[PDB]
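For reference, the structure is listed below as structure tokens.
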Protein chains: 2
Amino acid sequence: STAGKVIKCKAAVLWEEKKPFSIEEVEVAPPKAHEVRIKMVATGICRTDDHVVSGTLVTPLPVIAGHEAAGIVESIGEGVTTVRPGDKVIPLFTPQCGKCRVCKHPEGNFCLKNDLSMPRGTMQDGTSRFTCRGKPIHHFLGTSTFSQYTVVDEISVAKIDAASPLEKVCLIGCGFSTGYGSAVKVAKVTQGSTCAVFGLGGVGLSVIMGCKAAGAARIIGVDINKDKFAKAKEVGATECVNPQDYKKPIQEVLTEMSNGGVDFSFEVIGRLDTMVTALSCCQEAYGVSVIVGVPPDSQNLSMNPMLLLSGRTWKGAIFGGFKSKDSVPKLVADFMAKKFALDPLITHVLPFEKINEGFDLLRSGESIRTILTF
Amino acid sequence: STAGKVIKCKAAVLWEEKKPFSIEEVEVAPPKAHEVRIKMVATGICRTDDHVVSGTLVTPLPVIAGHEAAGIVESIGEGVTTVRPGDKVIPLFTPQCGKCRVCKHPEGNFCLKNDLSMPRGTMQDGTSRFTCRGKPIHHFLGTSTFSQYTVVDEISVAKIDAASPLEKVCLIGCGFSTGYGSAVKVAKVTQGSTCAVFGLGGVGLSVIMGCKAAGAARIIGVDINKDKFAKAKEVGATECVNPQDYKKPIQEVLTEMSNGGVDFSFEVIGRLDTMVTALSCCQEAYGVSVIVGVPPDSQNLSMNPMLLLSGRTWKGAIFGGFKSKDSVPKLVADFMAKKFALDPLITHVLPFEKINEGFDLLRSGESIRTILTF
Ligand SMILES: NC(=O)c1ccc[n+]([C@@H]2O[C@H](COP(=O)([O-])OP(=O)([O-])OC[C@H]3O[C@@H](n4cnc5c(N)[nH+]cnc54)[C@H](O)[C@@H]3O)[C@@H](O)[C@H]2O)c1
Ligand SMILES: NC(=O)c1ccc[n+]([C@@H]2O[C@H](COP(=O)([O-])OP(=O)([O-])OC[C@H]3O[C@@H](n4cnc5c(N)[nH+]cnc54)[C@H](O)[C@@H]3O)[C@@H](O)[C@H]2O)c1
Ligand SMILES: [Zn+2]
Ligand SMILES: [Zn+2]
Ligand SMILES: [Zn+2]
Ligand SMILES: [Zn+2]
């Protein structure tokens with residue numbers, strides 16, 4: 001009975017940077033051609049959502065953020081062929097249009113239809129499906145999952161297993177897949193290798209999971225918050241180091257510990273300095289460093305290109321290098337077959353109405369992932 | 001006989017930066033254990049040798065430079081097993097000790113015994129075999145080929161085909177192998193791809209050769225000296241562009257030409273700005289950029305890490321990624337079997353006594369490789 005009609009529902013609207021979200025009524029338009037309207041079931045709080053609040057990641061405001069989620073299709077627009085009403089789905093913050101040069105490339109995943117490189121905060125057609133207080137509200141990464149209902153382009157949604165536990169598999173929509181893929185797909189961690197992981201939040205823990213799945217012999221976790229170390233060891237870290245404990249720069253410490261540099265390093269924080277440190281700590285001739293963290297808007301790092309000339313490889317990726325629509329359903333199926341665990345990432349559960357408390361938990365350092373239930 | 005005796009011979013000594021080489025008599029000590037004394041036959045002038053002169057590459061002075069060469073073994077020290085008097089050899093400016101973690105790694109070539117990272121200007125034992133006017137003279141990269149005779153460590157020499165033309169295959173000691181391997185081994189250029197090569201000197205031409213051998217469909221040469229374009233097209237460039245001809249930055253031009261960025265780019269100059277440009281012009285999701293040029297001493301570049309986060313790979317390499325002692329004899333065998341050409345790189349052939357004139361031809365833009373013959 002809601003098909004083709006505007007839905008009034010609650011969402012978490014961000015009117016201004018550095019302010020709490022406002023939980024209030026919004027109007028959600030019905031889906032246009034090749035659009036899908038989704039009743040959200042669960043959404044995670046990723047640090048990237050906090051970057052919108054802090055102005056680390058610039059996107060137009062006011063906005064409905066959220067990009068790590070799962071829900072159930074309420075209705076489909078004309079021409080949709082890949083999902084149906086009642087299907088469980090994960091919104092894809094990295095689309096997979098299937099048609100652009102990146103989607104056609106065997107190793108590309110950062111589809112040209114993304115809204116991350118130069119955010120406009122719209123649907124693919126350049127418009128918004130959201131109104132609040134009579135004012136248009138921006139989308140975020142084509143997903144806008146901090147709402148009881150959202151509308152996404154068909155290229156930004158994947159159908160998943162009907163028996164999936166949505167309160168767990170929402171993490172496949174960002175943090176798990178990103179970290180795990182950064183290890184297994186992007187870095188291609190090898191059996192017996194030594195890895196260093198900078199940042200032990202939900203994404204860095206997922207990197208550790210992937211490095212352990214790939215057979216690394218040593219996985220060194222690096223965080224300035226020693227409270228993060230116990231869970232990092234639970235999921236595979238062999239040792240953890242806090243840069244604040246040492247007189248020398250941590251790249252020197254890690255080089256010493258690894259008898260000349262690590263095989264694979266990962267920056268999973270979002271700081272320019274730790275991007276350079278993570279590069280430096282990998283072995284100069286054959287090391288690989290992967291940037292995963294989101295940098296502060298418009299800022300440049302400084303580095304000595306001799307770090308690369310000796311043989312290092314430096315790369316980054318979005319969403320763990322996974323082609324999103326192909327990969328998300330497979331990841332869910334693998335989760336259902338117990339090929340990896342998600343519970344270690346989930347430290348807190350809250351109702352959606354307590355979103356601000358969920359952000360407080362992230363900012364205090366206490367949580368990994370809080371899962372919000374609608 | 002000269003074996004076991006000091007040899008007095010002619011060499012080109014660099015007494016201070018930014019001055020001509022001094023062509024004069026030096027004394028060359030006999031080889032100690034695990035050392036090899038070589039009568040030089042031909043040596044190329046590589047831009048890296050000019051970097052010593054210009055202070056772009058810091059190494060202890062006074063020095064006998066030269067690292068791209070070929071000669072004939074005059075004598076061997078105790079314990080040498082890999083070459084014998086009379087053998088044709090190429091000195092290896094990147095050693096292959098066979099024992100270090102890099103040598104044992106399948107993809108590493110920048111052996112830890114190298115003298116490039118932290119140049120000492122000596123033999124492996126920390127001493128010099130050269131004196132001039134009563135003063136000790138430094139080695140360069142364990143090779144020092146601007147001399148009628150040199151002494152190298154065994155790990156810094158490879159035996160090559162006895163029928164090799166040394167006046168050509170000396171280029172396998174640096175510029176050919178570096179450029180060719182940077183394409184075929186480090187970048188792993190693919191069939192049908194689009195490449196951009198920044199800098200069309202001897203090394204950049206060799207990159208083009210490798211890109212063509214790997215089956216690239218398009219190879220765009222980039223140089224500010226349009227006189228370099230004809231030879232670049234002869235060896236495989238499909239297009240050449242001069243940044244000075246355009247109102248827009250050349251990364252934008254190249255991105256437009258390639259309908260969204262190139263598959264592979266190469267920086268083969270040694271400038272910070274062109275390293276960043278070359279990275280930027282590769283496709284943001286799956287492009288690869290390789291730094292080959294030697295940067296100016298102690299200078300850092302500035303870049304936006306979103307260039308990497310989207311999916312680019314940035315790497316550099318010494319000597320085309322080739323394990324030097326394994327690879328050099330095979331490259332020479334391949335040359336003998338007509339698998340690649342060296343003549344396109346050779347624009348001038350001068351007696352050794354004309355070393356300064358050879359450097360002037362490089363600096364003026366007029367040469368690719370000058371081969372000096374002893
Ligand atoms: N590339 C992608 O597709 C992608 C996906 C998801 C998240 N991200 C980014 O990845 C980063 C991590 O996200 P998350 O795991 O949700 O965040 P998080 O939970 O905030 O974890 C970051 C961790 O970094 C630690 N940290 C902060 N500063 C330092 C320091 N100087 N040295 C060492 N550790 C430090 C911090 O204590 C925390 O445990 C953020 O920048 C996200 O925006 C990127
Ligand atoms: N990585 C290695 O193992 C390795 C080996 C050999 C050479 N090198 C370095 O590679 C670089 C090239 O050596 P080479 O081919 O002998 O030098 P080269 O013959 O001087 O060629 C350099 C080319 O760059 C061109 N150039 C200069 N400035 C610009 C600019 N702003 N934009 C575009 N083109 C420009 C110039 O006109 C010339 O044709 C040097 O920095 C060497 O030191 C590195
Ligand atoms: Zn696409
Ligand atoms: Zn995220
Ligand atoms: Zn070695
Ligand atoms: Zn050279």
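Residue numbering restarts at 1 in every chain; chains get A, B, ... in the order shown in the structure tokens, and ligands count up from 1 in that same order.
With the cut-off set to 7 Å and only C-alpha atoms counted, chain B residues close to chain A are residues 102, 107, 108, 109, 110, 285, 286, 291, 292, 299, 300, 301, 302, 303, 304, 305, 308, 309, 310, 311, 312, 313, 314, 315, 316, 317 and 318 of chain B.
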Assign secondary structure with DSSP using the backbone only, and return the residues of stretch 56-235 of chain A in helix (DSSP H, G or I) as a PyMOL selection string.
-> chain A and resi 101-104+154-156+166-173+175-187+202-213+226-235
Using only C-alpha atoms and all ligand atoms, determine which residues fall within 6 Å of ligand 1, then list them as a VMD selection string.
-> chain A and resid 46 to 48 174 to 175 178 198 to 204 222 to 225 268 to 270 292 to 294 317 to 319 368
So which residues touch stretch 134-138 of chain A within 12 Å, counting only C-alpha atoms, skipping near sequence neighbours fewer than 5 positions away, as a PyMOL selection string?
-> chain A and resi 11-16+25-29+59-66+115+119-123+126-129+143-144+147+150-151
Distance atom CA of residue A:220-atom CA of residue A:170, one decimal place?
->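 Computing it gives 27.3 Å between the two atoms.
Selecting strand (DSSP E) from the backbone DSSP output for stretch 193-242 of chain A yields residues 194, 195, 196, 197, 198, 218, 219, 220, 221, 222, 239, 240 and 241 of chain A.
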Exercise: residue B:265 partners within 6 Å, only C-alpha atoms, chain neighbours under 5 positions left out, as a PDB file with N, CA, C and O atoms, in the first residue's frame:
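Listed below is the output, around25.pdb:
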```
ATOM      1  N   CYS B 195      49.946   3.226 -22.418  1.00  0.00           N
ATOM      2  CA  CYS B 195      51.073   3.634 -21.587  1.00  0.00           C
ATOM      3  C   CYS B 195      51.420   5.084 -21.839  1.00  0.00           C
ATOM      4  O   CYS B 195      51.328   5.552 -23.002  1.00  0.00           O
ATOM      5  N   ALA B 196      51.929   5.778 -20.822  1.00  0.00           N
ATOM      6  CA  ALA B 196      52.531   7.097 -20.964  1.00  0.00           C
ATOM      7  C   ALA B 196      53.927   7.049 -20.367  1.00  0.00           C
ATOM      8  O   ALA B 196      54.124   6.556 -19.243  1.00  0.00           O
ATOM      9  N   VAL B 197      54.905   7.543 -21.139  1.00  0.00           N
ATOM     10  CA  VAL B 197      56.334   7.491 -20.737  1.00  0.00           C
ATOM     11  C   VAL B 197      56.836   8.924 -20.683  1.00  0.00           C
ATOM     12  O   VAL B 197      56.927   9.604 -21.715  1.00  0.00           O
ATOM     13  N   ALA B 278      52.788  11.975 -13.413  1.00  0.00           N
ATOM     14  CA  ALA B 278      52.708  10.636 -13.961  1.00  0.00           C
ATOM     15  C   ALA B 278      51.751   9.785 -13.150  1.00  0.00           C
ATOM     16  O   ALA B 278      50.957   9.013 -13.717  1.00  0.00           O
ATOM     17  N   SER B 289      51.565   3.450 -11.833  1.00  0.00           N
ATOM     18  CA  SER B 289      52.646   4.394 -12.186  1.00  0.00           C
ATOM     19  C   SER B 289      53.939   3.924 -11.555  1.00  0.00           C
ATOM     20  O   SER B 289      53.962   3.602 -10.354  1.00  0.00           O
TER      21      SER B 289
END
```
Restricting the calculation to only C-alpha atoms, which member of B:187, B:72, B:141, B:345 is positioned closest to residue B:232?
-> B:345
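Every protein, DNA or RNA residue with an atom at most 9 Å from residue B:325, where only C-alpha atoms count and chain neighbours fewer than 5 positions away do not, is listed here: residues 92, 94, 95, 96, 97, 155, 156, 157, 158 and 159 of chain B.
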Of B:279, B:334, B:113, B:142, the one sitting nearest ligand 5 when using only C-alpha atoms and all ligand atoms is B:113
Would you work out the distance separating atom CA of residue A:241 from atom CA of residue A:185, expressed in Å to one decimal?
->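 We find that atom CA of residue A:241 and atom CA of residue A:185 lie 25.5 Å from each other.
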Grab the atom CA of residue B:211 to atom CA of residue B:192 distance for me, in Å with one decimal place.
-> 10.1 Å
